[PDB]
Amino acid sequence: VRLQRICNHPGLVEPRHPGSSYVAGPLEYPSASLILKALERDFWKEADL
Amino acid sequence: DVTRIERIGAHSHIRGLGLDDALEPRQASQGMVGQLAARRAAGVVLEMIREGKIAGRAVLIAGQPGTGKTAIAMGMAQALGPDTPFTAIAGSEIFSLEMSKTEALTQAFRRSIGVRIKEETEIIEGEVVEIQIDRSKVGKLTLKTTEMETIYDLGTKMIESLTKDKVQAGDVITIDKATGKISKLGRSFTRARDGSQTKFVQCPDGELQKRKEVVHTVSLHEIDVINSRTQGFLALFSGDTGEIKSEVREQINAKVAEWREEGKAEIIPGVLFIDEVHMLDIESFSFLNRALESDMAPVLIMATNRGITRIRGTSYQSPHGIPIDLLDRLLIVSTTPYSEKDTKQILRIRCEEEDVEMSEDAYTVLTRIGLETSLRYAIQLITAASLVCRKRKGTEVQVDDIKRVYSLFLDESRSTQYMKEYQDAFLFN
Amino acid sequence: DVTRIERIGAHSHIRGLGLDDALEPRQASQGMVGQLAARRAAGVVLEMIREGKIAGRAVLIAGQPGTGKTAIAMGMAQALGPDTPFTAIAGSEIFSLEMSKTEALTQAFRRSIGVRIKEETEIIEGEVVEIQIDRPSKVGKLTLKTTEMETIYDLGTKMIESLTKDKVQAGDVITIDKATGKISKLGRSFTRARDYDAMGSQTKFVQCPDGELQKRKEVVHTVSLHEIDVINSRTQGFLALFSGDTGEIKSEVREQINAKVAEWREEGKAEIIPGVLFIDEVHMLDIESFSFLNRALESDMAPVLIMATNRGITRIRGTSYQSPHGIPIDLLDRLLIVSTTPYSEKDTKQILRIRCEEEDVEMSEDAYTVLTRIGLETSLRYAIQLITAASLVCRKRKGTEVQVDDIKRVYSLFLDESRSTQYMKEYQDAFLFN
Amino acid sequence: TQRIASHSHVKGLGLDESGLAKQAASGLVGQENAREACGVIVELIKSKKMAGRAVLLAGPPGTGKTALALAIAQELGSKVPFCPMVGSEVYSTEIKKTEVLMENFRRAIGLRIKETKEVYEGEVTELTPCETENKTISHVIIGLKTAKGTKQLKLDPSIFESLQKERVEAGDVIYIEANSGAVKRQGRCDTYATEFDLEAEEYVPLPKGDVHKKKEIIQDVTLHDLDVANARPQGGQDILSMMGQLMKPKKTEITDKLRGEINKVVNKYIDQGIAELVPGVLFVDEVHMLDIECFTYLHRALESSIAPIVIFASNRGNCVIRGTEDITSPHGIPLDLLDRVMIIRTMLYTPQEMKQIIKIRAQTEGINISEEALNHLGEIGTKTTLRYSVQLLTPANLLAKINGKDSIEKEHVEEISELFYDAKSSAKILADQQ
Amino acid sequence: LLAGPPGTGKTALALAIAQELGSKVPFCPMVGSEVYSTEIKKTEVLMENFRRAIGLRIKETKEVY
């Protein structure tokens with residue numbers, strides 16, 4: 001029976017499958033909030049040049 | 001055993017400096033052997049590092065090849081621990097096409113100075129067995145917790161955020177009180193019962209609103225790169241940093257000082273280690289002269305063997321291949337060659353790390369070979385001899401296995417002789 | 001009249017190697033004359049190229065300047081034909097600012113390997129007898145015929161879109177791709193109506209198609225490995241085929257492409273057509289380039305490499321050492337050397353005769369003798385260059401044949417290297433930076 | 001049939017079960033000591049315990065240094081990584097040399113990851129958005145049909161835009177991968193094939209599996225692929241990533257932070273049982289083309305715990321190290337790196353071994369050769385070099401075929417040796433005849 | 001130009017000038033090796049630092065509800 005299946009079409013035993021990439025996902029780099037408050041200055045000593 | 005990504009290497013056996021509380025070195029401890037004066041000096045430098053008061057200190061480790069200066073540096077790294085920065089590079093690495101040599105050394109300096117920040121958070125937790133959430137939107141947070149259930153009234157203007165990122169029955173989540181963020185844990189067995197790599201925790205515990213402090217240690221280079229661009233933090237991974245503008249760096253220095261005096265941050269000075277500094281050039285050393293005069297500078301450690309050797313970028317010669325303008329600004333640690341007993345003990349430690357059993361006659365022969373040719377050659381023959389022993393189904397390495405491996409693999413002294421026997425065959429002498 | 005873009009160049013007279021069926025060279029044939037042994041060796045190398053079994057074989061053509069090394073190369077190029085690749089460069093071309101030398105040589109290697117992709121397609125081809133579209137969702141109807149049969153098609157919407165964008169109308173002859181519905185218009189069989197004003201292009205007519213309206217046919221497309229690399233290098237990387245912004249294609253792409261081409265070969269889709277890479281004046285290559293070539297020639301996808309140089313014992317670039325031909329002996333061991341000898345009196349005369357035929361110039365026998373002696377005394381290329389000048393001088397005096405006096409006139413006007421160097425030595429104080 | 005190359009006859013090291021080398025096996029003859037040493041290195045690699053161990057194959061040219069390195073690759077099999085490299089490749093225009101070396105170090109560390117892929121496929125029965133102000137699409141509802149059933153799904157707006165991507169409409173067959181959000185419109189269902197006589201659509205059958213399927217596969221990747229995929233991210237859906245991808249892609253000097261994080265997540269995969277590490281081999285042929293900066297960097301790289309086994313090859317004598325401008329050293333390599341290396345000595349071949357290799361290459365290339373011609377080729381190989389003698393086989397076979405013979409005889413080899421000259425003979429022509 | 005043997009206080013005297021001027025005057029320190037940039041030519045680096053050593057003090061009133 002298996003040999004007859006092979007004789008008909010090999011996909012009945014070992015079908016071809018689509019190739020694809022390995023989705024890894026993001027790395028999720030953490031840090032503190034004050035790091036983003038650098039270069040911020042204050043309204044009464046900055047801007048309007 | 002399953003193969004981890006870290007495997008046994010040249011300096012895997014050393015796990016610290018073998019020093020007592022008085023910085024007096026033991027003969028064999030923590031994988032290190034001998035080099036008592038150099039190990040004591042490294043311990044003194046290590047205590048200088050972890051106190052952190054004095055800035056811009058420079059040290060050089062010098063000696064013949066194979067004398068363990070790189071091993072000493074790795075031992076300092078292990079003894080210091082991960083809570084303090086330790087930047088390690090080779091001198092060849094600063095020659096970048098993306099940035100100048102000074103910029104590379106600048107950001108290598110800044111990777112070695114950590115800024116430690118503590119942040120407070122308020123967080124709510126609960127098990128998603130069911131969500132009775134409609135989305136304006138209406139809900140009551142029908143979640144569970146061991147002490148008492150996570151039912152809680154919700155503000156109608158933002159309940160769509162709870163349903164935004166595919167919150168589904170059979171899960172466990174956490175919610176922030178002030179940020180409004182929501183995060184998931186996945187197919188927990190208590191909720192998902194009726195996926196692989198999901199959080200397999202039980203129902204969460206605590207009184208819902210739990211306090212939590214979190215500590216972040218961020219280097220000055222990270223602060224520079226993050227604030228240099230809209231999405232500059234990607235450059236920390238891609239390495240697409242250009243030459244960072246000086247204007248960004250002094251503003252960040254001022255802000256870090258302000259945080260330090262205000263109590264909102266703490267400075268954690270670290271170490272920059274540059275192995276094989278004789279690849280640096282006059283320009284790099286001249287930059288290092290003034291980079292070490294900053295208050296925000298780390299401790300610098302350098303390694304090079306050399307003698308009187310040409311400085312790169314010049315026709316001049318100087319000790320250690322370094323100009324004497326910089327050698328005045330550092331302390332030199334000298335490593336001496338190893339004795340027979342120290343060589344034998346190092347081979348014993350390496351065999352233990354590699355999980356190799358050898359006869360005492362084999363140890364004697366390998367110690368003879370180590371003094372005769374080189375230490376690293378003798379260390380290399382341990383693995384090959386173990387493999388040769390294994391193929392003959394032996395249990396311990398014998399003298400015959402080492403002689404076989406010595407016949408197969410040979411060192412520079414014999415290769416050069418055999419090359420000279422066929423001088424015309426070998427090319428471009 | 002009608003000057004096409006190809007005019008008479010240095011090697012235009014060469015159209016082959018002039019070899020017998022047994023590879024035995026003829027004394028003069030296909031523009032080539034003399035160099036019997038070198039031409040025979042080039043014929044053997046050409047047979048190696050044609051069979052295509054062996055990969056990465058390298059050949060060097062060596063000899064003094066003016067001995068026809070480049071002529072033998074173009075003879076191989078013309079005899080090989082256009083179906084097989086033949087990539088020709090100078091050694092100086094690899095020194096790019098866009099990419100490394102190894103990348104440039106890798107691209108040159110992969111330009112010289114062809115992939116003969118083959119696939120089946122179905123078309124519908126016929127004369128449009130009638131078309132109707134009931135635009136208000138659109139519906140329509142089409143009718144096509146051949147000389148044998150006719151058929152009416154009820155159209156779908158997207159086919160109607162394609163027909164409208166192409167503005168297909170009756171009397172046209174079209175081909176419709178059954179796979180995707182692309183339409184291509186071959187011409188018209190019936191004239192447009194002469195009642196219509198202003199749309200009165202005369203155009204030309206095309207016969208009706210024959211046989212079945214719908215046919216299945218095989219089609220063959222030829223692309224180089226470098227084209228496949230550049231297309232797959234990045235999104236919209238096809239533009240770099242023309243612009244040349246192919247900077248340092250990643251190796252993983254090339255490994256994937258080699259594997260896919262191999263499995264296409266086993267799956268019956270493609271055939272590998274290995275060609276030739278020719279590097280003229282290879283002594284300009286650096287030591288790094290030769291070192292890269294040592295390993296690049298060991299791949300199974302490597303083409304046949306041909307090189308030409310004239311140097312004796314000469315410095316290798318990038319080093320202080322010397323070796324034969326300015327090439328390290330690491331590479332010279334990997335290759336076979338073909339030697340070209342200087343030409344004799346008769347061979348020079350025959351080359352000048354062949355060159356006059358190419359340029360359409362008639363000269364007397366005394367003129368041929370004088371020009372042959374000039375070419376032996378100074379150089380072959382100088383004597384070749386004097387032919388056109390002498391013909392122009394003859395033309396301006398309304399002559400019909402180039403005579404000895406015209407040759408002596410242009411010999412006086414235009415100087416060779418030896419005389420110019422002698423006269424420069426006379427004015428050695430006047431010339432700068434001796 | 002595959003093309004024959006220089007090392008195509010090599011199938012392995014030809015060692016017996018006891019580790020000793022047979023005199024002639026697996027395409028290699030002689031060189032028994034080096035083959036036994038390479039077998040020990042094969043045992044070292046397959047143990048997977050060590051990191052950064054380095055080997056140098058040293059000997060005269062033509063003694064088989066490259067062949068033994070490739071014989072190791074055959075002995076290891078295709079499951080282990082083997083990243084060949086030549087020292088000239090480090091001189092890139094895009095990135096520094098040490099980055100090239102470190103990238104090739106990471107290419108040689110393999111990783112076999114079990115991946116679970118969620119896929120949706122079926123005929124689109126209906127497609128309706130759901131939008132509202134917090135104005136914007138909250139999600140899209142889609143129905144899918146297969147032979148085994150049907151299902152209604154709600155999906156992210158990114159997948160909804162990736163559906164408008166393919167011009168997907170009701171009745172079309174699609175393939176969605178939920179891990180990446182990738183969408184493929186395979187075509188329209190075969191149920192609608194008879195609805196028009198001619199339509200531009202391409203028809204496909206209905207899917208026969210479940211609407212939602214959960215499949216497990218194993219993916220072969222390297223650490224360098226993981227580094228590059230996160231350094232230049234490509235799988236995002238934010239607008240900023242799409243703008244960044246419009247930049248011309250170039251290699252960047254990847255940081256140690258990213259590599260540390262990749263090591264961390266790889267260790268997490270290994271601890272979770274998801275992944276298996278397969279450390280491999282890096283092969284740097286002609287290391288003498290590396291400069292002193294590259295050699296000095298390898299001190300730190302070879303001392304790492306992550307690093308692979310490395311194999312070097314060099315043929316130089318007491319040559320000047322590149323970049324040092326006066327420092328001679330054996331093998332063109334510094335003493336300090338050479339201390340970190342086990343040296344395998346390769347020897348010259350006797351005439352009998354040359355004859356045996358010539359016979360192996362003859363029967364590899366599909367060539368019959370008489371014993372007289374074989375002995376003459378052996379004499380030529382002793383007189384000139386092995387590689388020159390091997391290269392004469394195919395031209396002699398072509399001449400024999402042109403003469404109608406089915407086998408090489410001595411006269412064909414004589415004629416080929418007359419036509420094609422070796423490096424020593426050509427150098428003698430340059431030096432003596434001049 | 002401050003000239004002399006190493007260790008005789010040239011940099012110390014320069015920073016003493018900087019301390020004596022106060023923080024409200026610009027003082028741009030620089031090393032000669034910094035001119036060798038990959039992005040701009042050396043003379044541009046010098047001119048940029050020249051402009052960096054010249055300060056401008058702007059006075060303005062901010063009003064806000």
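We count from 1, first residue shown onward.
For this deposited structure, the header notes the method as electron microscopy, 2.4 Å.
Placed from the backbone N, Cα and C atoms, the Cβ positions cover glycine too.
The feature ATP binding site is assigned by Swiss-Prot to C:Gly63, C:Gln64, C:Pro65, C:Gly66, C:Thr67, C:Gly68, C:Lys69, C:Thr70. The SUMO2 cross-link feature in Swiss-Prot is assigned to C:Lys425. Annotated phosphoserine per Swiss-Prot: C:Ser418, in sequence order.
Projection of Swiss-Prot feature records onto the structure.
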| residue | record | Cβ neighbours (10 Å) |
| --- | --- | --- |
| C:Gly63 | ATP binding site | 21 |
| C:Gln64 | ATP binding site | 11 |
| C:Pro65 | ATP binding site | 10 |
| C:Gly66 | ATP binding site | 18 |
| C:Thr67 | ATP binding site | 21 |
| C:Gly68 | ATP binding site | 26 |
| C:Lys69 | ATP binding site | 25 |
| C:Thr70 | ATP binding site | 18 |
| C:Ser418 | phosphoserine | 12 |
| C:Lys425 | SUMO2 cross-link | 10 |
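For C:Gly68 (ATP binding site) paired with C:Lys425 (SUMO2 cross-link), the C-alpha to C-alpha distance reads 31 Å. Distance between Cα atoms for C:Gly63 (ATP binding site) and C:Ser418 (phosphoserine): 21 Å, as a whole number. Excluding the listed site residues C:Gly63, C:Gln64, C:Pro65, C:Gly66, C:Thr67, C:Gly68, C:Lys69, C:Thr70, the same chain places C:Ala71, C:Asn310, C:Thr340 with Cβ atoms within 8 Å of the centre of the ATP site Cβ atoms. Annotated pair C:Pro65 (ATP binding site) and the residue listed as 'phosphoserine', C-alpha to C-alpha distance, rounded: 15 Å.
Annotation note: C:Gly63 (ATP binding site) sits in a strand segment as assigned by DSSP.
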